[PDB]
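Summary of structural features
Now for the letters of each chain:
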Amino acid sequence: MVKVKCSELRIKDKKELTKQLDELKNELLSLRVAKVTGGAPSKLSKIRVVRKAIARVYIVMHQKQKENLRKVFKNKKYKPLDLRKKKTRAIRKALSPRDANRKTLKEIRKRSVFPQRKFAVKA
Amino acid sequence: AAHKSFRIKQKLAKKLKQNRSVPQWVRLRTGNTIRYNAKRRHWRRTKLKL
Amino acid sequence: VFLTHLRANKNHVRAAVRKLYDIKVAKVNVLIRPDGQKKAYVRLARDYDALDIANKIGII
RNA sequence: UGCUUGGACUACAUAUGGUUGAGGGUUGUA
RNA sequence: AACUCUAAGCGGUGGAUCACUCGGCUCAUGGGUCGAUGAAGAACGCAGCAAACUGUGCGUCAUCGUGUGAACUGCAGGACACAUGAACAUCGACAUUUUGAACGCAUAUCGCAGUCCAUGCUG
RNA sequence: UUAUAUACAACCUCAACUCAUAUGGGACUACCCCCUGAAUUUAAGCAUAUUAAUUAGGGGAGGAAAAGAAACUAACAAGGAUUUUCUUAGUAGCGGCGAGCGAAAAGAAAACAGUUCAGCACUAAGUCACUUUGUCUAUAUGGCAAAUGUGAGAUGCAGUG
RNA sequence: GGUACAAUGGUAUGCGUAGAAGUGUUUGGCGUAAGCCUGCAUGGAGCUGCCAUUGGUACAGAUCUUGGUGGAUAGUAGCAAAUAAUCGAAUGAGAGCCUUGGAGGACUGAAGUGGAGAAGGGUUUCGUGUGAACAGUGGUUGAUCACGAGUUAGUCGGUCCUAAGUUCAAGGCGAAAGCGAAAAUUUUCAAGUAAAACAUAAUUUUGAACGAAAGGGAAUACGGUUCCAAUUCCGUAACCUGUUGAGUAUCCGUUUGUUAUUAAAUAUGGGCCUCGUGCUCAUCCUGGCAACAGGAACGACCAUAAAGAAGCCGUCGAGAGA
RNA sequence: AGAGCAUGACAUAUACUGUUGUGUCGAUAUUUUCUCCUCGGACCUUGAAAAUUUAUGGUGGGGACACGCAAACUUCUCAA
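Residues numbered from 1 in each chain as written, not as in the entry; some residues may be left out. Chains lettered and ligands numbered in written order. Part of a larger assembly, values for the part shown. Heavy atoms only, no water.

Determination of this PDB entry was carried out by cryo-EM to a resolution of 3 Å, according to the record.

See below:
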């Protein structure tokens, strides 16, 4: 065969991804039968070859659907907690810098009348 | 005991599968040092305390 | 006889072998082996004779 | 309706609102 | 050619001595990052042949994308899947079982629920 | 209204929810803050003392933490937040004045950074949070405006100070 | 003052796979001595003299520490409790074992050494294979070692209920941890509705949960079957729980078969009326004097009663098993 | 189901099985087993609880009507 590529799995449809999922599932079911009934080739080692072939149809189906939810939970505040930036717990709480460095009107008025002047000293 | 729980039967199962020898190809790998199994228990000489 | 997933509750195994092998079941019994794997003795009905079903599975 | 199977949810303490309310607690137009 | 004494030689028993060192220790430098978005920890599973360690979570000794550009090896088997990419790193994607602060109630129990959405069997 | 006999209202004190949104527990151990607090030991015995305002126990954080811009020194010709090192100094003091213990100002360095409230004759609540609607351009606990929609707010929000 | 060990800084135009360190030795020596140099033998990749400066720097002792070893001793240490084996055969490299089967003498003597369970154990079970080690003798066998397998439930248990008790719930308290509290804390803290009216309306607070494989607690037995499982598989005959469905406590006097008499028919009475078919009345079951009976014959809530529900020693009678 | 079972008479070679007979009377004593029922005793000792279950009673409320069509979460019988 051809190694099933995530690069070429991505151009498929929603139907063809889960219709390729069951027929690789059915192979692994038949190779699971043939492992203990004395599989007559020295190995039908397509166990690992189709075991990882379904992991990638899964990966591609799963990130074709989370990237679609991220398209719907654009423009809405209160997106799900999974489509929301797990950085660290400390970083998510600690005054989002859009008001960690906002300032009082008394300090914006001390700011605009005496700037640090730029000077040099010797004779 | 012949009336056990599900959780003692799975910890008894895992110590049962772990009571194999070392496969003998493993001593054919390159620069190998594993000779015997060092975590073999007998049922009659070392108890499990479960 | 099958080896099944350790968390399959006998309405799984009855429904699994219908979907996979196009049969019907009289009775399922269920064991958990002393190595820790769940068996399932799936007695078929009287119509689905298990020798026609065994060689179509792949076993003898 | 009917049994199974899968999923979402159902802890506590708190803040701010919302919503339903209690009280011969002070009062008011009648 | 009793046994004994002593010496050396040879053989044994033993594992010192010396020479090694992907390990320790000590000093210094740069950096600042866990967790109710489920941490640390635990448990059990997962490999063609594997018990441990290491890795992982039914997508289970791996994993998208990248980098590099021919291996992996104990033995098979395939690599026609460089030449549209092996094996490795790297890792930003998806994912992460039962647990655990552990959050329906319990738990020497895989015990007992509720509410709700679906499907799979009446009509 | 309230012979607790028709409503009606508004507050105030308190409830309830699988309400909307959020927040908190637990881990680590070297350093850090808050607490609690011994005895061995030494005194050639031993009780105060010492060990020690320490081991152990408890709690809380950060990449540092704590401290910090004077209710401080000095007695000068005066200095000027904090913290660290050197010196002061094993000094002044404290002590069965025994064993022992024991700082600070000044001086010399490293580094340097300053400020904000409450409370007045501010002299039109001049403020804020939501929510919705336009509409910016992170996959934004964002940006602006509209309705000033609903609330916080006169038991005091902003600006000045 | 001198000598051993290891290093660092210098130094020796040092030494070394043409054999370094180490070790061995009747090679020859030197030194009062610590020690040193040397030959040969083994060994296989590093090391030494000098000046300085050093340091985890020199062992016979510590009932020293770790390891190894000797005698004692191949043994007058010992392998003597639980009565006892013997014949012949086969297998085998080898047999007193456990290896087997046959015969035979014995023991346990059923309060057992028999047959099953609960704790606990965890694969030890079983088949085949087997070589060392282990079975304090042997071993052809094994609870050893290798490989393969094996544990089936609506009825047996768990699970459900509570006991003694326990864990938590904010009255509380404590610096906190947490009470080696037992909180009983706690505005409506709990229920209730083929669900209402001038409060919809009647009612209750000890919250909650765990804690019994011997207490309480629905339902199954036989015959057969395996190398290995059976109240579980197989056959046969039942049973319980839940949910639907069907049948079946009300098949009249009038008047169809029938002139009334009746027949279909738990089955009418009344008064009049042409009799009546006119009119009107009527079925949430019957029997027995009773004790109580039958196939059924108002679980929708309150109330009360009973069952669950019980100890120990005895006991006439009955049945079962033996 | 001369069931099944067991004892027993033949027949059929592993040639993949059939068969004929039996299984019947009486009566002991089991203070020594287990159950069931009865009736007692000792006690300044009086010998669990809850789920669960049933019967009754009560006020309302439900149904039922003869010229016949019915019924019945029906405490009845069966079925899926």
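After presenting the structure, the write-up continues.
Scanning chain B from terminus to terminus reveals 1 helix and 0 strands. The C-alpha atoms of chain B give a radius of gyration of 15 Å, which is well past the 10 Å a tight globule of 50 residues would have. Overall, chain B is about 45 × 20 × 10 Å in size when its C-alpha atoms are taken along their principal axes. Within chain B, buried positions represent 6% of all 50 residues. For chain B, the exposed surface amounts to about 5000 Å²; the carbon and sulfur share of it is 54%. (Helix = DSSP H or I, 4+ residues; strand = E, 2+ residues; numbered from the N terminus. Rg over C-alpha atoms; globule rule 2.2 N^0.38 Å. Buried < 20%, exposed > 50% of the residue type's maximum accessible area, 1.4 Å probe, protein only. Areas by Shrake-Rupley, 256 points an atom, 1.4 Å probe, with all protein chains shown as cover.)

Residue and element names in this part refer to chain A. By the element assignment, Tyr78 lies in the loop between α3 (46-72) and α4 (89-93). Considering only alpha carbons, one finds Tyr78 and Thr88, 10 residues apart in sequence, at a separation of 19 Å. Excluding anything up to four places from it in sequence, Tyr78 contacts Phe73 and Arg84. (Contact = heavy atoms within 4.5 Å.)

So, on to the UniProt feature "coiled-coil region" (unreviewed entry) in chain A. Per the UniProt record, the feature "coiled-coil region" (unreviewed entry) sits at residues 7-34 of chain A. Taken end to end, residues 7-34 of chain A comprises 86% helix and 0% strand; its first and last C-alpha atoms sit 31 Å apart. (UniProt positions renumbered as here; feature names shortened; annotations may be inferred.)

This brings us to a nonpolar patch on the surface. Residues and elements named next belong to chain C. There is a patch of nonpolar side chains on the surface, built from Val1, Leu31 and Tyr41 and spanning about 280 Å² of accessible area. Along the chain, the position of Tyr41 falls in strand β3 (residues 38-44). Note on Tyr41: relative accessible area 37%, which makes it partly exposed. (Patch = residues over 30% accessible without salt bridge, like charges linked within 9 Å, V, L, I, M, F, W, Y side chains within 5 Å. Salt bridge = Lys/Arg side-chain N within 4 Å of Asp/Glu carboxyl O.)

Turning to the interface of chain B and chain C, a few remarks are in order. In this assembly, 6 residues from chain B lie in contact with 6 residues from chain C. Taking both sides of the interface into account, the surface hidden between chain B and chain C amounts to around 480 Å²; carbon and sulfur atoms contribute 59%. Looking only at chain B, the three residues that lose the most surface to chain C are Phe6(B), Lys9(B) and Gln10(B), adding up to 60% of its buried area. Linking chain B to chain C there are 0 salt bridges. Split into classes, the residues belonging to the side of chain B that touches chain C amount to 3 nonpolar, 1 polar and 2 charged. (Buried area = accessible area lost by both parts, 1.4 Å probe. Nonpolar A, V, L, I, M, F, W, Y, C, P; charged D, E, K, R; others polar.)

What follows is about the protein's contact with RNA strand F. Residue and element names in this part refer to chain A. Neighbouring RNA strand F are 15 residues, the closest being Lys74, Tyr78, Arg89, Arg98 and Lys106. Between RNA strand F and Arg70, the relevant distance is 3.4 Å, taken from a base oxygen to a main-chain nitrogen or oxygen of the residue. Considering every element that reaches the surface near RNA strand F, the biggest residue donor is α4, with 3 residues. Along the lines of polarity and charge, the residues of the surface near RNA strand F split into 2 nonpolar, no polar and 13 charged. (Near = heavy atom within 4 Å. Polar contact = N/O pair within 3.5 Å; in protein donor to acceptor, adjacent residues only side chain to side chain.)

What follows is about the sheet that holds β3(C). Residues and elements named next belong to chain C. The strand order across the open sheet built from 3 strands is β1-β3-β2, with neighbouring strands paired in antiparallel fashion. One side of each edge strand has no neighbouring strand; the edge strands of this open sheet are β1 (2-4) and β2 (25-32). Ignoring which end each strand starts from, the neighbouring axes of this sheet average 30 degrees apart. As paired elements, β1 and β3 share 3 bridges and run antiparallel to each other. Looking across to β3, one finds that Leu3 is bridged to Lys39. (Pairing = 2+ DSSP bridges. Axes fitted to C-alpha atoms, helices over the stretch in contact; angles between N-to-C directions.)

Residues and elements named next belong to chain A. Close contact between helix α2 (residues 14-36) and α3 brings their axes to 9 Å; oriented N to C, the two are set at 155 degrees. Relative to α3, the element α2 is oriented roughly antiparallel. α2 and α3 meet at a crossing whose hand is left-handed. Residues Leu17, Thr18, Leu21, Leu24, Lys25, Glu27, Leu28, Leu31 and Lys35 of α2 form the contact with α3, whose participating residues are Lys46, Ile47, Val50, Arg51, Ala53, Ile54, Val57, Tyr58, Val60, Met61 and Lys64. Its residues assigned to classes, the contact of α2 with α3 shows 13 nonpolar, 1 polar and 6 charged. (Parallel < 35°, antiparallel > 145°, perpendicular 65-115°, else oblique. Left-handed = near helix turned anticlockwise from the far one by under 90°.)

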